Amino acid sequence: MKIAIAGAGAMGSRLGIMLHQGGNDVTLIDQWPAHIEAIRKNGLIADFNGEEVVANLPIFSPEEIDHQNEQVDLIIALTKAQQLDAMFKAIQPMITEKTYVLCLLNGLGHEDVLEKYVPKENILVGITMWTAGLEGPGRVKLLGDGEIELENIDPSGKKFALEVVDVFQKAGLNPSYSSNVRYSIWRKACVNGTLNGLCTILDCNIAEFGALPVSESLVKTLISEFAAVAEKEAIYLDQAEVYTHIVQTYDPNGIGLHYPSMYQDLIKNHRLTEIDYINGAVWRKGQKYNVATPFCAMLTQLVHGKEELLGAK
Amino acid sequence: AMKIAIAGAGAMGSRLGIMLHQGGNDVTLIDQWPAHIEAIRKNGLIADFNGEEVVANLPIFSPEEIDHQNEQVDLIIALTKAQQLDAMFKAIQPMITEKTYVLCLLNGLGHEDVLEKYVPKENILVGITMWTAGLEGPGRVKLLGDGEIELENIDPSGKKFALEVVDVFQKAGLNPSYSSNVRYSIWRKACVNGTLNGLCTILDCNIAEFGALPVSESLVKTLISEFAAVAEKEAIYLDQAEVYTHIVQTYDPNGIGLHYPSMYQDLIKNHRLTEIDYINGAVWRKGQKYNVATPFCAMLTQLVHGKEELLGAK
Ligand SMILES: [Mg+2]
């Protein structure tokens, strides 16, 4: 298999090394100049389970890709959501009608960007439980075990999804085909589409939010909107268990006393949030599917208003 | 001679009471303030009325005292704040018959929905009072200046009696007029107050700061649309463009742009409970009964109530 890894961060580097070792043609694409230079000069150097592994993998920045580059069977997308479109536009010369994409991004709706570059039937989604650390440019620390669960988003993509599993198996990645990955991503986005935005706007921690008399109605209204949109994509969220899952976070002996990650980005660090890929994505989908998602719409607008007020970058 | 009960005998109710008494009407005061009841029972209601002392020996009762031995009245004038209106009208029911009308003088939206539990819906009038009144002490008010009252029947059957109330108020010197814009102006005002108030409160910012946001147009217009959708069901047709234009004009730092709206001062400055239930909460309540979606009103109401709880507002 010819594989391009779009985003050669810690996870991308792990996957690249392992797939290389498994006998595949691997090309890295990355936006960190020092990292690129280091890999070009000394190879990708991994502290891989106490053993040094050096892999001489081709690497390019997106601006360097053109017609001359080799075409690939699979692109593994690790590029963060806000650079995804730009990354895929750059690597277009490497894509044919037969090219598949495995999207390993967090959050929702990435297939709307990806379908501009690749048929929908060619899109796979995955979750990785591997860990990885970058020690510096061209150097990664790889420890522990893990696995990758993946799923075709379109029923025509099943055969190739199984072929990616086989490739990943021979590379030691511990893959499985799972009919639950899209559901788990939807379910997680639900969690991230409640506490994140609501704590950020109201300015409070998780247990403080949970204790509000309005918390039940706000959370449940938001879950229902995620569920209404997900249903159009043949994902049927268990709304009662999603609610039970969120209610458990309120426990002060658990993470109750923590502030959610969106609070940390915006309120603590004045950085732009992930809202466009959570409630913003449900809203975008609702608009295309003629499903009303007003709480997601308003929460998205309020968070964007708050970002601008705090001069978030 | 109309029999008139004043529900809420504060400074304004006291003005109306005295003046309607001077016009020869049969006035009864209803009030929740014990010291006020005691002073009025001892010495009558005392007004410093344009530099002259006027005393009016009016009957006065607390709501809990009212029973079927009390007089049944032609008109109740409602001035009790919204938070106590329901309990006030439940208590004064013994004074209401099928022929009793209410003139609601409260600020804000949707009070007819409480009143109609106690007074026939056909008999509800709404008005705006431009008079001023001050409270000097229990049973003692200070009345200066001029004013007027504009009023309107809510139900088309209430028109003749509304006109009769105007006549009564005219003779009492209250400068009344019948106005077919009263309900509209109340809706338009609530619409304005249903945007910047909750939004600046939740986001923590002033009016111009809010206005400049790239989401200000979308937030404001969606909220306006919800107000208009529900008003339409009650045969009030809001000019959504005019309302938006008014809101944009508030962004001007030469005008009120640098100010914070009243709800912000209530909650964010003073840690006091907001009026949200009688603005966005009222649109939301009506929308539910009319099968009209009002989700921005609903969410904004819940967020404001959320913030009240977080700040320990009282
Ligand atoms: Mg700005």
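Just so you know, all these numbers are worked out from the coordinates, no wet-lab data involved. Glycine gets a Cβ as well: all are built from the backbone with ideal geometry, and neighbour counts include every protein chain shown.
What to note about this one:
- When exposed loop sites are taken as GluC sites (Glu not before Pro) in a DSSP loop with at most 11 other Cβ atoms within 10 Å, the longest stretch of chain A clear of them is A:98-313.
- For the range A:158-165, Karplus couplings with θ = phi - 60° (6.51, -1.76, 1.60), whole Hz, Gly/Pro x: 4, 4, 5, 4, 5, 5, 5, 3
- Inter-label distance for A:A34 and B:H246, nm, one decimal - labels placed 7 Å from Cα along Cα-to-Cβ: 5.8
- Leading residue at positive end of dipole, chain A (Cβ point charges), from A:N42, A:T79, A:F209: A:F209
- For residues of B:301-310, the mean tally of beta carbons on other chains within 10 Å: 6
- Around the amide H of A:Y100, modelled in the peptide plane, lie the amide H atoms of A:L74, A:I75, all under 5 Å away and 5 or more residues distant in sequence or on another chain.
- Inter-chain shielding of B:257-264 (mean C-beta neighbours from other protein chains, 10 Å cut-off): 0
- Candidates A:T293, A:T27, A:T249, ranked by Gaussian network fluctuation over chain A, Cα under 10 Å, top entry: A:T249
- Gain upon complete extension [B:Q265, B:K42; 0.36 nm per residue less C-alpha separation]: 76.4 nm
- Taken about its Cα centre, chain A carries a charge dipole of roughly 280 debye when the Cβ of each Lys and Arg holds +1 and the Cβ of each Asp and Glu holds -1.
- Whole-Hz Karplus values for the range A:279-295 come out as 4, x, 6, 4, 4, 3, 5, x, 4, 6, 9, 6, 10, 6, 9, x, 5 Hz, taken residue by residue from phi with 6.51 cos²θ - 1.76 cosθ + 1.60 and θ = phi - 60°; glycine and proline positions read x.
- Difference of contour (0.36 nm per residue) and Cα-Cα distance, B:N50 to B:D204: 51.1 nm
- Kirkwood Rh, Cα atoms: Rg over Rh of the range B:7-100: 0.95
- FRET E, pair A:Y177, B:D26, Förster distance 51 Å, beta-carbon r, rounded to 0.05: 0.05
- Kirkwood radius for the range A:2-179, taken over all pairs of different Cα atoms as the inverse mean of 1/r, rounds to 16.1 Å.
- Given charges at beta-carbon only (K, R positive; D, E negative), |dipole| of the range B:181-314 in Debye: 380
- Two-site FRET efficiency, A:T131 against B:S225, from Cβ-Cβ distance with R₀ of 51 Å, rounded to 0.05: 0.55
- Rounded tilt (10° steps) of B:240-250 against the dominant C-alpha axis of chain B: 90
- Residues in the range A:197-202 carry Karplus couplings, in order, of x, 6, 5, 5, 6, 7 Hz; the curve used is 6.51 cos²θ - 1.76 cosθ + 1.60 with θ = phi - 60°, and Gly or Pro positions show x.
- Summarising the label geometry, the points placed 7 Å from Cα in the beta-carbon direction at A:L143 and A:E70 lie 3.4 nm from one another.
- For chain A, the orientation-averaged shadow of the C-alpha convex hull comes to 16.6 nm² (one quarter of the hull surface).
- Treating each Cα of the protein assembly as shown as one equal point scatterer and applying the Debye formula with no solvent, the log10 of I(q)/I(0) at q = 0.09 Å⁻¹ comes out as -0.82.
- With a threshold of 20 Å on the Cα-Cα distance, the over-threshold entries among A:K80/A:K306; A:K159/A:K232; A:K80/A:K220; B:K90/B:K117; B:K233/B:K286 are A:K80/A:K306; A:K159/A:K232; A:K80/A:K220.
- Efficiency of FRET from Cβ geometry, B:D113 and A:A86, R₀ 51 Å, rounded to 0.05: 0.40
- Fewest-first ranking of A:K306, B:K81, B:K221, using other Cβ atoms within 10 Å as the exposure measure: B:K81, B:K221, A:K306
- When the Cα convex hull of the range B:181-314 is projected onto planes of every orientation, the mean area is 7.8 nm².
- Cα-based shape type of the range B:115-233, given that a ≥ b ≥ c are square roots of the gyration tensor eigenvalues and the cut on a/c is 1.5: oblate
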